[PDB]
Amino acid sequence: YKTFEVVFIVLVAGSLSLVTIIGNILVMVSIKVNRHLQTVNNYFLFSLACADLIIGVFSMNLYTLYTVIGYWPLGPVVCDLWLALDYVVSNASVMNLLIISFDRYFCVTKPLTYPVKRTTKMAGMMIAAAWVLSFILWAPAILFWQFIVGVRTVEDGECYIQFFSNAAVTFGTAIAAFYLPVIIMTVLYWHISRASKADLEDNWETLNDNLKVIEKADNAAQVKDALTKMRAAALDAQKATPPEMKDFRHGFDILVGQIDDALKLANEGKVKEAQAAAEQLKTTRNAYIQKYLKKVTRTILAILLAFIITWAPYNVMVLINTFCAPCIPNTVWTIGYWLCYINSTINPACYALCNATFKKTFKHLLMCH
């Protein structure tokens, strides 16, 4: 079965690399070719997509060659450049997640001061500072530690970080570069989720949700559920208010008067007309939303959970490796490493495949024009 496993591993690894490259390239190009996708969040996600792209192109393929061949074939220089590369990139991705978490935390805790300084140049300076800090932290030690000590203990055919020859050093690295950032992002997400936990915002949110659910509906029950719940939220949104009060009160009545005419068509047997009243509900909605004036936290939690779940096994393998070396076979190390790579694979699916503008931009990129 070992001969079969070589082929299966090559196919699975190459497939994962290709999916990573295609996804992150789609994200980056989508952000660059669409101005509507040019915000601070999409700048942070742009840098994250760049790091995941570098992991998909260089790290996955070189590690696949390393494990499949059984030893390092490219030499010591390419080994040091590879280790420094994926280590710097991974560090920059971690501090990028920290940047996103602190950015959202300051958005929810300082609404009257932070958003005015939240511009494009500031986000670019933060990203550049993250990449430079990662390079300074990891590149000189990995590349030049052998010259600092005066001897290269990495024999021919091997490829590993030299100063990681001691287990406690690797464990301290795991604590400083993973566990503490994970705890920081967990506390920050805790305060953000407790901050989102105002009423009329949730009412109108429910309205624009179910109103599009009517259009996306495949069968008949979805239009009735979205209708009824949207109308409970519509009346509860009518009683709440931020003579303009008579017009505010006269948006929901002219809304409901036709709403019951739509639900009347929802129970008659022909749902195509009931769904055809949606655009009219919208052109009536515009007059109210003119005088009227979370998904982001969901995305953040998705990315954070992807990072933690994909990077936890390797780090617990380090913690166990401190006091027991035979407790972790080589295959297990390969599995954990590859999961840490899988983070970059599943990263674009946590924000790109859940945003409508990203969907339309993807469709626009994969079509004729």
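Note that residue numbering follows the sequence shown and begins at 1.
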{"query": "Unmodelled deposited residues between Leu293 and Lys294, binned", "finding": "4 to 9"}
{"query": "Chain break class for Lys121 to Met122, judged by how many deposited residues have no coordinates", "finding": "none"}
{"query": "Average Cα temperature factor in the PDB entry - higher stretch of 284-292, 135-143", "finding": "284-292"}
{"query": "Stretch with the greater mean C-alpha B-factor as recorded in the entry, comparing 16-24 against 357-365", "finding": "357-365"}
{"query": "Member of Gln222, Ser93, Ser193, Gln162 with the greatest C-alpha B factor (per the PDB record)", "finding": "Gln222"}
{"query": "Per the PDB entry, maximal CA B factor within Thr173, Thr241, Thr299, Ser101", "finding": "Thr241"}
{"query": "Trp82 - Cα temperature factor, lowest/middle/highest third of chain", "finding": "lowest"}
{"query": "Ranked C-alpha temperature factor of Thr109 among modelled chain residues, by third", "finding": "middle"}
{"query": "Third of the chain's Cα B-factor distribution that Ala177 belongs to, per the entry", "finding": "lowest"}
{"query": "Chain-wide C-alpha B factor ranking for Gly251, given as lowest, middle or highest third", "finding": "highest"}
{"query": "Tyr71 - which third its CA temperature factor falls in, relative to the rest of the chain", "finding": "lowest"}
